[PDB]
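In structure tokens, one chain follows: the form deposited in one PDB entry.
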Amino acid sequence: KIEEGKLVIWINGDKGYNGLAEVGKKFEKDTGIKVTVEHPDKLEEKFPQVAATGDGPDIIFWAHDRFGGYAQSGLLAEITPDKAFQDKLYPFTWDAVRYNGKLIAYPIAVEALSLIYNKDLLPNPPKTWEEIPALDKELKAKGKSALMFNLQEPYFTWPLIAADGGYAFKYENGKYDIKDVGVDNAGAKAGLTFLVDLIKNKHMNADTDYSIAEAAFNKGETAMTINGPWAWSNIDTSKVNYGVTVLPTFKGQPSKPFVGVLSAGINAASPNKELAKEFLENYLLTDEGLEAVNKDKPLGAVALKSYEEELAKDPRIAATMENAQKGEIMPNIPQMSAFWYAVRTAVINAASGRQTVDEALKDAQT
């Protein structure tokens, strides 16, 4: 069904697909193999729907977390990089593409939340969460606030909640134990208590969402926000003199943002698996290949050590990678749906006072 002797690649419409096409042209110049890059509409649902019939692209680019279910469904081939190639990418990026003990995709890029700060209001951003109440009192005396970030999504509140011991699902030796959830342990209680205390003491507002925090930071009303690299363009347009840095620690431990790894999987139905391996290892996952994609639309931080060392000369990218290495790889299992829903309810109920922290997290654990 898939045509032998060429490569078809699918990547989402928010990525550098024209730069990826340039890598395809370089591959063709060396091999004669035509590489066609498409950015299909509705790609998230389209790939599993078409691949389940033995059709679709040779290579699919998507965040690693969806690849667990695709691998379970038999849609992805096991990849076969040798040790020398594996050593060219950061070890934790390979963790994100393991399923059932097997490598099922090549890591490309790495994304995580960072602390974003206004250098004019706050030249020396805090290293600890514990400093934030006193900092907010200082800034409130000048008609500003220390920190505003989206409290509505567990993706944003989890880094603090889980810092001193929380976790979604226990991961040991390449497998998630869906019976070992770390939502109501002492560490998660401590982090959510700190978060709720910030609200109780009026250092944060329970209603702050993505829109409210983005507007406040970009208008210079708050000294800090927490957001990802997708938000930087709007801050550029706002002309705020901003920096991006490591998330604050809690009880000395790193905040643990969820990590998303843009990854390239090989369709199990491809008759071009060896060409796909050659393209991804020897053309895309090189300084020149990633530069071509990044020049079209920035990748953020990347899994390839050599090119990450170049990109990290931008301290914002260095910060993204630092927060990612310290964070929790997003689990690639469908039980994450239950996790998001349970933690969302817990934070709503604790932040509004309908439940205590202990009651809220106990319900989310069960």
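Residue numbers run from 1 along the displayed sequence.
There is another form of this protein, the form deposited in another entry, and it is not shown here; the text below is about that form.
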Subject >> Rigid-body rotation between this form and the one not shown - hinge position, chosen from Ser233, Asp314, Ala342, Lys127 >> reply: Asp314
Original post:
Are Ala312 and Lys127 closer or farther apart at their Cα atoms in the other entry than shown, with the shift being 3 Å or more?
Top reply: farther
**OP:** With a shift of at least 3 angstroms, figure out whether the C-alpha spacing between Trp340 and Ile11 grows or shrinks in the other entry: closer or farther?
**Re:** closer
